[PDB]
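Listed below are the residues making up each chain.
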Amino acid sequence: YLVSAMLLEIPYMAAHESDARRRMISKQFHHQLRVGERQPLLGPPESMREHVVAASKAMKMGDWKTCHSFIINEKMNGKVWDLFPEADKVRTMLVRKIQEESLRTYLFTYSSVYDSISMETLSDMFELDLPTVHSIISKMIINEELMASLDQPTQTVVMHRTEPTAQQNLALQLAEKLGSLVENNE
Amino acid sequence: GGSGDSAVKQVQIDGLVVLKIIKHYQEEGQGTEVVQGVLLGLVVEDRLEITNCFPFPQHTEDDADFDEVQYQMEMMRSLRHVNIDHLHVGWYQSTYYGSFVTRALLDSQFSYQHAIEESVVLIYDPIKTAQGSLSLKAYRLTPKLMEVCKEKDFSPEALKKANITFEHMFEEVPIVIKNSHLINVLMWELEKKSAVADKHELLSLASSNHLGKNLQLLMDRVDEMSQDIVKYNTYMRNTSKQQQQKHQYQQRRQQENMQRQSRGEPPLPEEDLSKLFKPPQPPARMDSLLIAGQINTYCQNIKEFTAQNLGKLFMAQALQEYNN
Amino acid sequence: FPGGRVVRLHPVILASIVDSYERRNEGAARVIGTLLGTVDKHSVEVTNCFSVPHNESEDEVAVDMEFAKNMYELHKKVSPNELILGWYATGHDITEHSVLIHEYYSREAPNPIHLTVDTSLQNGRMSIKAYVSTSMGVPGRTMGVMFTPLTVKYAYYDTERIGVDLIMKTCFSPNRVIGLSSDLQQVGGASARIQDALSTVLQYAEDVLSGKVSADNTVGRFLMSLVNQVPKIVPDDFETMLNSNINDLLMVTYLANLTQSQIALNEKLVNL
Amino acid sequence: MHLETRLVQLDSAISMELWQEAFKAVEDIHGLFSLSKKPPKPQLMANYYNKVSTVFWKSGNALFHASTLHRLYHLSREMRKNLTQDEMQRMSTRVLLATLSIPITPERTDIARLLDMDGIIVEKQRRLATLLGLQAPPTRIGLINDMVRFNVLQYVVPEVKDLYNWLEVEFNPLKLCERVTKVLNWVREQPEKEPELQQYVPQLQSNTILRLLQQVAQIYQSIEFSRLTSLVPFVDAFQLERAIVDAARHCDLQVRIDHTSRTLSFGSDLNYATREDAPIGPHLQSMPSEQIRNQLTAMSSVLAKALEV
């Protein structure tokens, strides 16, 4: 949930070539593969039902479905630490819920806010500054860092430049295998 | 002038045929490949003058199941009562694609042309092709394929037929060129919606003003192309990677197994020499998937030559017009 | 309310008229059938018809109705359009046979809605004329029916009607549909000739004395309507947007002719 | 013997929070009722339709909840022709029930699943619609407007007769945040005004945001949220901002999202691609301003041409 709902959101802009096919998808395939879906009861739904609303960041919709009746369902209490496993967990949520603006909500963002972004997610400002810092050196977002002002203009305009290269995603498979047909033949 | 290979002529679809087509245009089957009828023409000077064609009603709620031949047998009875006999000189669709030759319908087109060699199969294109180049495609199937019949078979009759190497696309005939005088009264309808009841002629020039402005016209087409060229192209190459996983990569190791044993024993068999060289599943070619692979990738490129020029002529127009 | 005001048929039935009348199968003068049409009970939305062989003379009356009922089953089975509305006949108009086949139509007993075919080279008389009748009481003679004329509307699917619009250009002189793009830019230029020849004379008429009368804020509003959406005012920022459009079509077009190469390139090393 | 006990199989499970077998139960009852078409239908389908209403309220989306309430409105008027419920307050109650359950959500987030076979559940929406008695899946306010064809916008109580005339037809980017919300509170009346019609306040919020934002975004092309925050004086502030960002990200409109100075201009034109109508249906009343694209020349040029001749 913390190495899937983050990792493959950077190549899931119709940019598939990092595919990990042993994950929640063992569940995610089958418990959206039905029609009548209301309040979750089991572990897998009561995990997936706020996973999908951790996807569309919703920073408290993602958290406060992991701390209702799980505590007696042997998630929170069952570990011989009461509020320290959740203090580990919900911190690990509050950090992977600024790293949602990173890959997800950056579309038509030309100006960006930073004081209020950590105040919104009620986290230590530096603790959510250092992973957005990580995202520049690791994820290399089409955005520009100027952190003496504590703002970043993005200039992210690949909006429909990315779709004729969605037609190149395959002209890659064209180009990959014409670098493989003679390997076949000769 | 308009002869193909020995038996066939071009087609001549006067506009009064075209209107019984576009009544069942892309509706009673929108995202459903309705075979929109059989081209009931006749054999006149250089041309298969189509006169009246009847739309065939596949059981269209969400799919297409083949309906009664009693329909076709009464539509032919019906046309015989006032019009020509059932001189079916082709069959026609549209139907929800810009310039595509459907393989299973190309087999329905093949056996149709083996039966009546004087046949061109129409692919109508309304504005769904984005307007767009070549709207009426009376695509007949190669007579060199109609020679090596039946049909295009997978492993045998592929190397044999692709040493004969029958063409993949052939004779997309010129259709409606001349004042046939069926015409008459739809001309006499122009001079009235040229005249004072002219509210309907402009509204056809309206289908011009809410086509462009708003419709993804490039993008959503290029996205559907962005889906078509990733699956079809990689699969043909997965074919053209699996075939020489077997053509050479196997026969590299098949002869390696054979040559190692000194190519048999003098006093006995030659047991494993008879056992070795067991032919792989594609030994040759796989020219059945591939021929229509040729057609449908070459068809990707007509859509592409469509997405070519349709484009250009906006980039011309809005760089032209804008600039004043 | 009057059921008969306007009958909404399109050139399918116009093609059903000519073809049925240009083969006939020895159809001397008069061909007839049962009209197929839907009813909004104010505007009569029509689509198809179907025809019969007749010996329509004096005093022999002939419309194969049972056959027209059975191909009504065909026409509805092929397309869920309509149900039978009346009789549709060739020239001449209202006489004794038209009402003796309305008897043959009251045999099945729906509300009658007709359509005459004009066999004449007139221009004043409209090519096609629909008909209803009131009174329509008639427990008397055969059928003393009081005929109302019905003006026609040519209103169905518009890419048909623009398909018609090029059938109008066939009608002028075909005009095959081969060079779609190249030739719809020729008629786009032809439209622009209509503009300049129209706009110049409606100017110079008011340079003389009292022009721009039917062209003050009619075409004056539609000069404004030309420039509403072509061209855009004079915005060079939007010309750059386009000049990047000139880049992406080149790409769409380049990808296009390369996958043309990728046909024979990949698909035919089968061919060795 | 069967259908009355198969609705216990349903009603008992939904009262004990069991939704997957509640869906199985609404499947079984309809599979049962299908072969009881041979006798004429008894007019006690309302209770089954009021249960599946209580299942689709949160299980399926309120597209399916409102659609089964459209069904329940129609068949319960059919009741009051034969049954004759001498009930004017009930007339108001069922018509307002339909109308308040209509404006819920504009567009679905089926792009968590787009990854693997997008066409599944959208095709399954037919399998839900056929259970409902629908032939095609549900569309939008066109439903309520071919049902103000009937006497509903007068049958509804003059508590909320007058308001829908502002939600849909009578539009203003300044005077509808202070039109909808007064009568939101006027129906918030919990105890005697059915305390079940109060779950529609946070979706009326959600709709009002993304709708009236389309309005403002097409009406003008630049107002700073420095005053838009108070210009929409609802019950929100920071989730208001983040729901404006939610309207931007899933693209009911396009505004340049995260402006610090809060000078958010909308832009022209650049994007009548995928995200103008969101996706195809128009949620704008006849305000929206103009844009240009490709063939648009032929169009109005050749329109305005052939009518004056």
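Residues numbered from 1 in each chain as written, not as in the entry; some residues may be left out. Chains lettered and ligands numbered in written order. Part of a larger assembly, values for the part shown. Heavy atoms only, no water.

As recorded in the PDB entry, chain D goes by Eukaryotic translation initiation factor 3 subunit A and comes from Oryctolagus cuniculus.

As annotated in the PDB entry, chain B is Eukaryotic translation initiation factor 3 subunit H from Oryctolagus cuniculus. Recorded under Sequence similarities (unreviewed entry), the UniProt text for chain B is reproduced unchanged: "Belongs to the eIF-3 subunit H family." Annotation of chain B in UniProt includes, under Subcellular location (unreviewed entry), the sentence "Cytoplasm". (UniProt positions renumbered as here; feature names shortened; annotations may be inferred.)

The next subject is the overall build of chain B. Looking only at helices and strands, chain B features 11 helices and eight strands. Relative to a compact globule of 324 residues, whose C-alpha radius of gyration would be 20 Å, chain B shows 26 Å and is clearly more extended. Referenced to the eigenvectors of the C-alpha coordinate spread, the extents of chain B come out at roughly 100 × 60 × 45 Å. Buried positions account for 54% of the 324 residues belonging to chain B. (Helix = DSSP H or I, 4+ residues; strand = E, 2+ residues; numbered from the N terminus. Rg over C-alpha atoms; globule rule 2.2 N^0.38 Å. Buried < 20%, exposed > 50% of the residue type's maximum accessible area, 1.4 Å probe, protein only.)

This next bit is on the side chain of D:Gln214. All names here are of chain D. Positionally, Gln 214 belongs in helix 12 (residues 201-219). Residue classification places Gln 214 among the buried positions, given a relative accessible area of 2%. There is a polar contact of 3.0 Å between the side chain of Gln 214 and the backbone oxygen of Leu 210. Within the structure, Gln 214 has its side chain in polar contact with the side chain of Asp 252 (distance 3.4 Å). (Polar contact = N/O pair within 3.5 Å; in protein donor to acceptor, adjacent residues only side chain to side chain.)

We now examine the interface of chain D and chain B. The interface of chain D with chain B comprises 23 residues on the first partner and 26 residues on the second. The junction of chain D with chain B conceals about 2100 Å² of combined surface from both sides, 58% of it contributed by carbon and sulfur atoms. Where chain D packs against chain B, one counts one salt bridge. D:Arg126 is paired through a salt bridge with B:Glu61; the nearest N and O atoms lie 3.9 Å apart. Elements supplying a minimum of two residues to the side of chain D that touches chain B: helix 7 (119-132) and helix 15 (296-307) of chain D. Split into classes, the residues belonging to the side of chain D that touches chain B amount to 12 nonpolar, six polar and five charged. (Contact = heavy atoms within 4.5 Å. Buried area = accessible area lost by both parts, 1.4 Å probe. Salt bridge = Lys/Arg side-chain N within 4 Å of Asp/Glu carboxyl O. Nonpolar A, V, L, I, M, F, W, Y, C, P; charged D, E, K, R; others polar.)

Quoted interface sizes are often the accessible area lost when the parts come together. At the junction of the two partners, chain C supplies 93 residues and chain B supplies 99 residues. In total, about 8500 Å² of surface goes out of reach between chain C and chain B, with carbon and sulfur atoms giving 62% of it. Across the chain C-chain B interface, the total number found is one salt bridge. For B:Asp67, the salt bridge goes to C:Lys77, with nearest N and O atoms at 3.2 Å. Seen at the junction of chain C and chain B, the total is 27 residue pairs in polar contact. Broken down by secondary-structure element, the contributors of at least two residues to the side of chain C that touches chain B are helix 1 (11-22), strand 3 (43-52), helix 2 (65-78), helix 4 (158-172), helix 5 (180-208) and helix 7 (236-267) of chain C. The element that contributes the greatest number of residues to the side of chain C that touches chain B is helix 7 of chain C, accounting for 19 residues. Classifying every residue of the side of chain C that touches chain B by side-chain character gives 45 nonpolar, 29 polar and 19 charged.

With that settled, consider the packing of aromatic side chains. Applying the stated criterion to the full structure yields 12 aromatic pairs over all chains. Each ring, one from C:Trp87 and one from C:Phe147, has its centre 6.0 Å from the other, and the planes form 40°; the classification is tilted. Taken together, the positions of C:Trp87 in strand 4 (residues 83-90) and C:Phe147 in strand 7 (residues 146-152) put the pair 60 residues apart, joining distant regions of the chain. Residue C:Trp87 is classed as buried on the basis of its relative accessible area, which comes to 3%. On the numbers, 4.8 Å between centres and 45° between planes, the contact of D:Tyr48 with D:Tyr49 is tilted. Judged on exposure class, the residue D:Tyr48 and its partner D:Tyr49 are both buried. Among the aromatic residues, those joined into a ring-pair cluster are B:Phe54, B:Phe56, B:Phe66 and B:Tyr71. The positively charged end of C:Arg24 is found above the aromatic ring belonging to C:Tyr21, 5.3 Å away from the centroid. (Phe/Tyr/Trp six-rings, centres within 6.5 Å; stacked < 30°, edge-to-face > 60°. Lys NZ or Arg CZ within 6 Å of the ring centre and 35° of its normal.)

A word on the pattern of salt bridges. Taken as a whole and assessed by the stated rule, the structure comprises 28 salt bridges over all chains. With a closest N to O distance of 3.3 Å, C:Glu56 and C:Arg30 form a salt bridge. Of the two residues, C:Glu56 is situated in the loop between strand 3 and helix 2 and C:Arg30 in the loop between helix 1 and strand 2 (32-37); the sequence distance between them amounts to 26 residues. The exposure class of C:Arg30 is buried, given its relative accessible area of 10%. Salt bridges linked by common partners bring B:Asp107, B:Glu151 and B:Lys152 together as one network.

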